[PDB]
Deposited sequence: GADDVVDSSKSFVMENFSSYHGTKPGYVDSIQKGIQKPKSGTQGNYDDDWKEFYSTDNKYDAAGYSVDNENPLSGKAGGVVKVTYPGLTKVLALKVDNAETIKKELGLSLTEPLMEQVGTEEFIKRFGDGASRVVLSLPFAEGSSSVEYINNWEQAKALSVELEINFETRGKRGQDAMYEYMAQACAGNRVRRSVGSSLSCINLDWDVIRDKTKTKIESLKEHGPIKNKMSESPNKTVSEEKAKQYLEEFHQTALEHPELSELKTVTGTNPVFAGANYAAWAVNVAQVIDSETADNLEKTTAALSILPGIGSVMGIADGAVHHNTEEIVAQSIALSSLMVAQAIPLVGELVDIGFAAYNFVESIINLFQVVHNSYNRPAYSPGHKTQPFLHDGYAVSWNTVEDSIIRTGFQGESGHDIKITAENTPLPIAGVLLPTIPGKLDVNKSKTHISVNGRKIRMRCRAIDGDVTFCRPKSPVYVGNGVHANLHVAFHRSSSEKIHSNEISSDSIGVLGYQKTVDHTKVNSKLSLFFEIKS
């Protein structure tokens, strides 16, 4: 029925309904004369339309130069307003055939065509001058996408929200500073400060005796990739000794992702894929750099956290990466000017920083929460469904909870599982708790540890891998209707235990965590 394709709760009517539209450079002024369909030349006749959104910051992402989409200039965002009263109709599905059939409309005329006809709107407009469809912007987003009938969009009034090119910043800085307003702490850095600090640090580092000497030491010739990495590793060790890098050094030691070997491999990789034509063009540089592994070493991003979180540390890491890439270019080839390290290398990587910082500033589930997998030591585990991750409380009775388990290649063991328990309010049903391995149901033997943890081991050995997967089913029983209190529990996760290894001279199992939420 129509409620299968339309959400009446999120449908509504508004007077002067406004929304936002990202606009490419060169059209920021011309679009403000009026919304008009572009010239001929698509993918779905039913979906011809003019697109807008409720989120001006999402709209800013569609404003970059189409001929240089990765690195080009952003135009701006305009606000577009319908005069009068508009019915926004929220959809539950984006399939034109389903929407057409379930709304009793003609299946022979494009959906978006009919949305714009006087019939359809006297019928669905609830007294509105026009009808605009709505859809969920995307998975992981709360924004709203608006689909406007072109003709009806002629009625739109258009004005400026922001012109990114009037700010006169370098690269895409204005666009990303704007998007950062869409609101782990937060990374909201000043990139003019970072760029100036980076140039300053590069010039200043290059005038140190030890670094100058290291520079001389270079083969300054094409040499094998392992020799190049060894020299670059040495260079990194030298430069990090200097005080303009002191903060970097301190973050460097807290994580192997940040070690000199990883900077060396990144710098060698960069020099290997940047030829003279690419070095001269920001877009081509960005496309090349953007497909390399290892950028988290330069970015100080590991374990879900952005560790290079101040303008000072970021400028230090970019400065150091720049001079390492300058050192690596003559060790891989002869035909590329090392000016790339100071110019488009810095310009491009600054752009990549802003993309990734932008991702980490958006709400997202951590590994092991809801349906995001926990990936670790070659395993993948995850809650089968979102409800599995909720442990309901305040009632007598049972619940069951499914956890998917597998591994990437060779067979890896599952040693057991650490579960929460609370006498009366949350006991493990050890009859109904089991692990199914390619459909072989394996029962468990469990013992209590302290008072709030039950540890269960399979009664036959469990292995998972390419082609062998498992379902861990956890059954809890509740003899009391008393609500669980958030300190009767000492962890917020179920701990699946993988293979045994030695961490700092102690034998422990690989830990695979599924985070739960107690509710109700």
Quick one: where does the model skip the deposited sequence? 42-44, 187-198
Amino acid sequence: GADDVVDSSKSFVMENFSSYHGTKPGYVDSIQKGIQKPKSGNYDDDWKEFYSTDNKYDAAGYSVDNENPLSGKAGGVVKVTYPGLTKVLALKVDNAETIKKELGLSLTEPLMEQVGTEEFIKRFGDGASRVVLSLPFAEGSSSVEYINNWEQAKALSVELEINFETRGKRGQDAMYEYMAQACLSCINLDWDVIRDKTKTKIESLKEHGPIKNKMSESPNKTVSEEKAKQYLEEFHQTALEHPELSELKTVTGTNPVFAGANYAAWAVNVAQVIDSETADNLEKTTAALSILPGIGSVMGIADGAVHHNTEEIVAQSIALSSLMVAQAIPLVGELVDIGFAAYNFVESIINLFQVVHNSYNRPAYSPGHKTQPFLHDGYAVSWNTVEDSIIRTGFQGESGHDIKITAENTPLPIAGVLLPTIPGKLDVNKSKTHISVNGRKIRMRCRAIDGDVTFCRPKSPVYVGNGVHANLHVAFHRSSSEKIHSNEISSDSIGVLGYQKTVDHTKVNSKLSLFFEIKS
From here on, numbers count along this sequence of modelled residues.
Mean CA B-factor: is it higher for 135-143 or for 292-300? 135-143
101-109 set against 334-342, stretch whose average Cα temperature factor tops the other in the entry: 101-109
Largest Cα B-factor, entry values, listed residues 66, 36, 471, 493: 36
Among 176, 191, 120, 365, which carries the highest Cα B-factor? 120
Within this chain, which third does the Cα B-factor at residue 478 fall in: lowest, middle or highest? middle
Residue 508's Cα B-factor: lowest, middle or highest third of the chain? middle
Here the Cα B-factor of residue 165, set against its chain, lands in the third termed middle
Ordered by C-alpha B-factor within the chain, which third holds residue 311? Give me lowest, middle or highest, please. middle
Taking only the Cα B-factors deposited for this chain, tell me whether residue 27 sits in the lowest, middle or highest third. middle
